[PDB]
Structures are given as structure tokens and as C-alpha cells.
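We begin with a single chain expressed as C-alpha cells, specifically the form deposited in one PDB entry.
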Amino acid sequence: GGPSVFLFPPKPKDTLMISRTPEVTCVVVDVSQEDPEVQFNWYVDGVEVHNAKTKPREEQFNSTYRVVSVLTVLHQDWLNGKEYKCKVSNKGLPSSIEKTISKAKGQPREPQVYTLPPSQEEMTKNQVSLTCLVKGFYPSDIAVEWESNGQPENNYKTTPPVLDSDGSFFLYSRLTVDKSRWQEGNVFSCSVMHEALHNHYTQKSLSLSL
């Protein structure tokens, strides 16, 4: 049978701020004990690059090895659609496995970001939900966070992007907060990062209405 290779894109937030470190990650599993040292060759639009960092093989609990190579990519290259190819081989043997990845193709579209207060029926509860609807975006690569008083909020979860009838994506993020903090008039903000937003970032706030 032999090994399999999986090649993963950078995290959406990492490609949107040049101070962060976006990486493409090439993972080889089902490596055998006696397989020669696994080797990686990396290409960016077909041109070989040499700055990848490959980790020593690690045994998994199913009596196989896993080997990972990580390539730091230029933010602009990823966003401009360059193709990243990982070629996996074993030292001393001719055969290889290649995988390629790139950003999704298609005209990027800007998310529209709306915040929604708790339902009136939820106000009887000890905690309430603040909702951030993000829709109309493309590609589906996106990051959503919440904060209040300049500090990140902990207690939120965000749905995966869902494909809409017009070919763009939507999602919702739900922040749970104590009703007391909402009742006291604290302002909460949903932050969205996406390549089609001005400076790759927007924020919308909400708080209890007058």
C-alpha cells in the first residue's frame, strides 16, 4: 500500500497580516520503520524553494510513522494564487508522491457583517447569545473573533462557512455572555478578517439598546 500525503493550507488569519507566519504543511503518514529517510522537495509555481523545516519522524500508536514538513509562504504569494507543491520521496529510491495546493479561484467578494442582539425569549436565561452574521463572502477562507473592552472574549463558537445559492458563503458566530454584562450596557464587537475587506479587517459592535 505505502504512505499517503496530505497538504494543508495556511490558517486564514495568518495570510492576512504580514506580521503573522502563514505556512503550508505537508504531512506523510503510514511510513514504515524500515523506509529510508523521507525527503521533501517544495516548489512555488514550479520553482524549487529551500526554506522548509522538516521535523524528525514520529511514531504513531498504530505502529506507523508520521513525518511533517512546513513551508513558510509569502502572504502576497498565497493571496495572489501561487501554487505550492510538495514532492515526497525516500532517500536512495526513485519514486515519489506529489500534492499541490493554492487559494480557491474566483472573484473575491467582501463579507457583509451584521450583529444581532439576544432574542427577547432568551432574556429570561442566566446567559444570552450575541450573534454575528457574516455573509456574501468569497473565498470561504475567513476568521472571526469577539472582544469587549479591548480584550478577547473566550466563550464563542463559529459555524463553518456554508455555501449560498449565489455562490458566496455565509456563517454565524455565537458569543455567550452573562446577562448581567449585557444588561449593564457593555459593548461587544465581532471582528472579521477576510482578503476582500479594506485592510483585511472590519469590526461591528453591539450593546443593549436605548
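Each residue number is its position in the shown sequence, starting from 1. What we label the rigid core is the largest C-alpha set whose atoms superpose within 1.5 Å from one form to the other.
Beyond what is shown, the protein has a form deposited in another entry; the following relates to that form.
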| query | Which of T64, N155, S180, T159 has its C-alpha displaced by 2 Å or more between this form and the one not shown after core superposition? | reply | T64
| Hey, does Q112 budge by 2 Å or more at the Cα between this form and the one not shown once the core is superposed? | no
| message | Rigid core superposed, CA of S140 - does it shift 2 Å or more between this form and the one not shown? | response | no
| Taking the rigid core as the reference frame, is the Cα of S95 displaced by 2 Å or more between this form and the one not shown? | yes
